[PDB]
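Before any comments, here is the structure.
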Amino acid sequence: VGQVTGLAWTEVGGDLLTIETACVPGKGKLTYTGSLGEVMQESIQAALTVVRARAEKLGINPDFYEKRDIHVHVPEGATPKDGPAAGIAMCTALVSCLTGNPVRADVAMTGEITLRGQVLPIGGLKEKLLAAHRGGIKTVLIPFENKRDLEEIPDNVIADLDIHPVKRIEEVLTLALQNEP
Amino acid sequence: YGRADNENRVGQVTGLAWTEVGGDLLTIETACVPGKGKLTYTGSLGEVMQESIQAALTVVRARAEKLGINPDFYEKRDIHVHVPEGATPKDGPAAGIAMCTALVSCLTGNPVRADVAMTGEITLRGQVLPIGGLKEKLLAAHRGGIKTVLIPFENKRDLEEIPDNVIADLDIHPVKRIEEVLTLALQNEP
Amino acid sequence: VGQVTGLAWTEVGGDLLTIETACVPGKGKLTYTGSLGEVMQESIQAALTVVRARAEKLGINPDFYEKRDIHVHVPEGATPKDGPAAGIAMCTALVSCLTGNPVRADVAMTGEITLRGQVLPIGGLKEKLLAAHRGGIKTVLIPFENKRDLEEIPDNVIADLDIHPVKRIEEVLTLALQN
Amino acid sequence: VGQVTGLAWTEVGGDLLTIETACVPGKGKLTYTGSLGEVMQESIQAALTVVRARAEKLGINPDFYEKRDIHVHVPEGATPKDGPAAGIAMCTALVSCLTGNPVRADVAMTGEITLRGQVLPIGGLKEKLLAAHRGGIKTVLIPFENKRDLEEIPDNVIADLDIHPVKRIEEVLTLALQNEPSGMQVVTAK
Amino acid sequence: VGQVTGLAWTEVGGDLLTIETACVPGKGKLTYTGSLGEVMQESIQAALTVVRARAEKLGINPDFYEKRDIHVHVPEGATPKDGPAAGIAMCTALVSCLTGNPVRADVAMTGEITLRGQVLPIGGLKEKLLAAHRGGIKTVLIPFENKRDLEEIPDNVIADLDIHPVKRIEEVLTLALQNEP
Amino acid sequence: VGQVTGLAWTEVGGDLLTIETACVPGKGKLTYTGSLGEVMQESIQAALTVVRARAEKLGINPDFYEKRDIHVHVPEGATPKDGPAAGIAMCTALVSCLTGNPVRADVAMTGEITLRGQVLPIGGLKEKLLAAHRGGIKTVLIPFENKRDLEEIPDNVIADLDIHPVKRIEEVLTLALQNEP
């Protein structure tokens, strides 16, 4: 619940990230921490807007923005992270936490989100899937246009991962959340 | 999962503007969701491009009653303007009319025409100013399969330089003012 | 939306500008854009303060700003601008804007404004007036102390132009507002 | 009302300042413009605090103050100015706009202000007094601890200037303002 | 109450840090001072959200932050500090403060906190435990994954210490709080 | 009232400081001027929190802040000052102006304050004391652990001064304030 394995860029160490999101009694503030670069901070804003746009249909109270504060933290806190690859992870974690819909266990996702809910292709796919296997992720959700980059990946890697090329965020919410979103 | 709700709250217009790697097609997304009058803008946007967004929103706010929008709309709403792709640096004023069009579309629920792209600097007075790098821009729209391009009236001189087959392919409309831009690009009449 | 042709310093192109001012329903915010240097940003503040101090006399309710937002823009948006010389153009635009009393479109103006409504001299009167000339401007308002500078300006530019030297903002508004 | 001549530091031209203050309707905001360095800005914030702390005595209603905005401007706006030396001038001008008590025109002043209302010595008095001499200023207030430095100033410059060494801000206000700023005027007879 | 010895990175290396927290009347603000670097400041934010998400459980009024301000200060004022290692100490200090549950005097602690309450390993454990030894610290709490780092710290130093490898914040608070929460 | 002589570092050196505070009708803003470095700024924020924490005990209306503004100013405005050694001086000036308890003019004071009200040791004690001596200060309050530092100072200087080594801010307030706090 509000905890998603995303695959995004890091300055050092694995391109696998745990995204945590908390919704606590507040005034409507948005905090985001974890040594996050601007492009990544912007992806959180984009993902939160997607959620705000769909709130009624997502079973969220559309006026949650006023009586709750949301903190998005990505450990390890001192490791620099950046890029837009965690966007769909950001959205899923927010939907989970605002709803209480637990995220599925062995699932990771990579992909850039747009405000309309399309999933955009990302970079360094090969290194991302490598952090997926070496973190023991069974299912990896990827952007449809990144299918081109699947042919460059070792057979050992792919064989163990269940990779789902996805086009839209509604596919992501279905494949990642435990319950009906 | 609100895909429909997502559609009616996020405007979407294809713009021709400057990016780190040259003038290019951009999708300008503008969301208007429940809020308190805030404005967010994201997309690795330079400062000139951030100022064009504020200019475009001011055009809508000033003309809200005339576009069938509540003048007190901004009191109960937040607005997020996002320009993909998120890690690509973009700057400049050439997406101004696309930004204006996106806000009008979203706030009036008047969908934007498919095969239309636009380039132009907007002013608070509603006039469209000429932009630079038209060739590159039109070349992008052509390769992307756009049929109709709105350009600023004073960029007519710049069409001589465009390859003939690209000009022949494109339905190019020199516009002087925003009213023309909105009429040509939206599905309904504002 | 107020609209006044100013003559002010720019990094590229002519020293001619359009000052735009909007005043929409809001919360009392001021926004200013136009690739503005800080000196020019401060001149927008000084200009708005002049109008706000003279709200009642100008036919404006002094509590107008309570429930409205103001945006000052200076196209062309990508052109770096700076200096205090668009001060009276900004004051005029705001006055025009808050009153809905249009500005004469055949007028341009240059000058630094003070909180007391005084118009102070500016630099590069020549570059500015050449620009007003190349731009088809018929009438040009300049500061009073700038009269001694018109000697260094081309006789043909002086001949084409209707130059009115001014001391205060009330002269500017009389000459610039159509009503 | 809201116009005091100060003597402080400027990058170019004279060390003389024409300080302007407007008190227009507002929500209690303070603006300070005129290309002012940080020390000078901080000197403006100390001057306003002084006014606020003595509001009842200066007969300023805190309720009136909170429904007003204040703008301190020091033209010419493009000239860099800095230092604490305009503090008593700022405090004078601020009392002025807030009370509509105009400042005597032949009067300039130099000195650092303290929250306690005391007037601290400044530097470059020779420069400052040379400035006011060039402006036909006849009355120049200076901090009492600066009297020592009057000696090294040309007796020609001294003569033409009516110099009042001052110890507190309360003296400053009574000297440079038109009416009596603090308190009720009572008449006694022997 | 409102005070915890943490071991965290400072200019002169890992050292004995006194984390202080205050809670006073206000309107929901958060102040942090002590020449703190940004990662260390971000750790304070994560520590607070932990407490805010768990208020009722800790016996804190869920809406405590409504009419109250929080100041977290790390003396000595002039000494630059940074890193995520003081995070379980911030959280403990906040819990102590908001509950009036005194922190034990014999306990120093080091560890990165995540919003979910896990304690992540830190670096420079040697310097930190060598500082707790010189300051008369009996009991030291360290992250569970830091256990193998003990092997690089002089045995005469470790033998003198009551070392507790912890995994979750609930362990940290039980061991560190004078009373039983 | 609201004036305290403190001893701290200035660009010329550890010198004599006249610390002013003002409390006027406002909305809860703190302003601090005097060409202060950020360590000095943080000392003010800590000192104010100390006063806010102990508000009711001091006679102060605990809601005082949401209704008033505070300006702390340290002339001379153009002279750069920094560090934490004016902390207890900040705290006293703040207690002074908020309570209307005039400070004794003849007392200087130096020492880093903590959120707990404890007085921490400072540096350049000699320079600080040479100031107070030539400043005509009769009584000087110094941190308790700074007693050792008295021996690197001329005996003629120290013999002229009534030095009070303090441990806590409550000691500071009784010695420096005119009346019962």
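Got a sec? How would D:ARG52, C:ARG68 order by Cβ neighbour count within 10 Å, fewest to most?
The fewest-first ordering by Cβ neighbours comes to C:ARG68, D:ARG52.
Can you pull the three principal axis extents for the Cα set of the protein assembly as shown, in Å, largest first?
101, 98, 43
Enumerate the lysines that A:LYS67 could reach by cross-link, defined here as Cα to Cα under 18 Å, with residues fewer than 8 away along the same chain left out.
A:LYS27, A:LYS29, B:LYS36, B:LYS38, B:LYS76, E:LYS27, E:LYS29, E:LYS67
Where does each of A:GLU38, F:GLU151 land when they are ranked from fewest to most other beta-carbon atoms within 10 angstrom?
Fewest-to-most Cβ neighbours within 10 Å comes out as F:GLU151, A:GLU38.
What is the sum of charges around C:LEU7, taking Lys and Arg as +1, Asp and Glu as -1, for the other residues whose C-beta is under 9 Å from the C-beta of C:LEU7?
Local net charge: -1.
Return the unpartnered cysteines for chain D, using a Cβ-Cβ cut-off of under 4.7 Å.
D:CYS91
Taking the Cα centre of chain F as the origin, how large is its charge dipole in debye, to the nearest 20, when only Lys and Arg (+1) and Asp and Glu (-1) carry charge on their Cβ atoms?
The calculated dipole for chain F is roughly 540 debye.
Evaluate the charge dipole of the protein assembly as shown about its Cα centre and quote only its size in Debye, nearest 20, assuming +1 on the Cβ of each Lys and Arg and -1 on the Cβ of each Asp and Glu.
3280
Can you put A:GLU20, A:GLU127 in order, fewest other beta carbons within 10 Å first?
Listed from fewest to most nearby Cβ atoms, that is A:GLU127, A:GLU20.
Which GluC sites (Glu not before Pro) does the stretch B:154-190 hold that lie in a coil by DSSP with at most 12 other beta carbons within 10 Å?
Passing sites in the stretch B:154-190 are B:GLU160, B:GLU161.
Considering just Cα atoms, how many Å³ per residue does the convex hull of the stretch B:87-190 enclose?
108
Any idea what the relative contact order of chain B is, in percent, if you count C-alpha pairs under 8 Å spaced at least 6 apart? Display every interim value, and only then the final one.
Values: 423 pairs, mean separation 46.9, N = 190.
Answer for chain B is 25 percent.
Translational D (Stokes-Einstein, µm²/s) of the stretch D:1-85 at 10 °C and 1.306 mPa s when Rh comes from the Kirkwood sum over C-alpha pairs?
117
Would you pull out the residues with amide H under 5 Å of C:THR33's amide H, same chain only if 5 or more places away, H placed 1.01 Å from N?
C:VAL72, C:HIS73, C:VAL74
Using a Gaussian network for chain F with springs between C-alpha atoms less than 10 Å apart, which of these wobbles most: F:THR79, F:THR139, F:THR99?
Maximum among the listed residues: F:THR79.
Quick check: Cα centre of the stretch F:25-51 to Cα centre of the stretch D:52-92, how many Å?
Distance between centres, Cα-based: 21 Å.
So if I take the alpha carbon set of chain D, get Rg, then get Rh from the Kirkwood formula, what is the Rg over Rh ratio?
0.97
Can you find, among C:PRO80, D:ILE70, B:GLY68, the residue farthest towards the positive end of the dipole of the protein assembly as shown? Put +1 on the C-beta of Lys and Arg, -1 on that of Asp and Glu.
Of the options given, the answer is B:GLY68.
Can you give the net charge of the other residues whose Cβ lies under 9 Å from the Cβ of B:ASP91, counting K and R as +1 and D and E as -1?
-1
Using a simple charge model, +1 on the beta-carbon of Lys and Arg, -1 on the beta-carbon of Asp and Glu, nothing else, what dipole does the stretch E:52-117 show about its Cα centre, in debye to the nearest 20?
200
Cβ atoms come from the backbone with ideal geometry, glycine included; neighbour counts cover every protein chain shown. Each value in this text was obtained by applying a stated rule to the coordinates, not by laboratory testing.
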